[PDB]
Every structure is written in C-alpha cells, then in structure tokens.
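We begin with a single chain expressed as structure tokens, specifically the form deposited in one PDB entry.
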C-alpha cells in the first residue's frame, strides 16, 4: 500500500479509536508507536492487515466494520492533508475523477496495482461506479463513498449491484443515486 495513504489510516485510527489502541497495534508489528510514514516509503499489505487485526482485537469490532468506519472517517483526513483534491468540486465530479487520481498517485511506483474505480453516468441523477482490485477492500470503498457524501453535504443512496471475484480481481459495482439531478443531456 502506498506509504502516504497508510499514514492517513494511522491518523484516522487515532481519531476513531484513540492513541492507546493505535500505539499498541503499531508496537505489535514492531513499529515505533510514533512512526511517520514518508512519501518515499510503501507498506506491505500484510503489515496493514496485521495492524488492523490488532485494532479489531482491542476494540472488539469486526475488522470489516473497522474498515467501513475508517473509510468514512478517512475522507475527513484526506480533506485536511490533501485539500487540493476537494477544492472547488462537487460530489459527482470528485467521484468521477477518482479512477484517474489513483493512477496518477501510483504512477511512480514500480509494479503499482492501484484499485480501479471507473464511474459512468447512467441517468440524470445517477452514476455507476465499479471497484476493481486484487485487494478485496469492499468496506473501505463503501465507507469512502459514504464519507464523501458527508463531506460534500450531498445526499446519495448507494445500491450494491454485485460483489465477487472475477479473473483474480475482486469487483464491487454500485449504483449511486443523487437526491437532485446531476447530469443533463448534451
């Protein structure tokens, strides 16, 4: 996982569950409890798993609920740390640029495997967005969508159309419906 992003997760976990839980979880994988992950670093997916496993153990929450909560809260973290991605945008625009943003932010990484997040309009008031990744981070994806709606103060309903693995990739397709019309024919 890209280092910059794992860094946001550590801060988000502190915001959700407190410094004791995070410090102890980080120690349990042999990190300094105050470690600062730099943009010159990546973190092995399995270390992240082990950290989150420890958070689940300590909080008594299922790890899927943790990812869902982290996904919701991490939008706030992103908006504070990387404000340029939110500046002067609405929710639909933000969601539709995510696929490209994830390519752009992992370009420089050898063997990069960003999630794909292709969105396409399917109605005046709806888009379809499909999460595709080897990583199976469904609750995180859903949480980020929920957090995005909160941050942009734009009400949406999220219909989970299909979820499952295909050709080695996990895939989750959702239909996101906006309370008020967002597109027009042109």
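Rigid core (definition): largest C-alpha set, two forms, superposition within 1.5 Å. Shifts are known only where both forms have a C-alpha. Residue numbers count along the first chain shown, from 1.
- Mean CA B-factor, 157-165 versus 42-50: the higher value falls on 157-165.
- With 123-131 and 28-36 compared on mean CA B-factor from the PDB entry, the stretch scoring higher is 28-36.
- When the modelled residues of the chain are ordered by C-alpha B-factor, residue 68 sits in the lowest third.
- For residue 87, the recorded CA B-factor ranks within the highest third of the chain. Only modelled residues enter the ranking.
- For residue 148, the recorded CA B-factor ranks within the lowest third of the chain. Only modelled residues enter the ranking.
- Residue 112 sits in the highest third of its chain by CA B factor, as recorded in the PDB entry.
This protein has a second form, the form deposited in another entry, left out of what is shown; the following refers to that one.
- Under a 2 Å criterion for C-alpha shift, the consecutive stretches of 3+ residues that differ between this form and the one not shown after core superposition lie at 106-113, 183-185.
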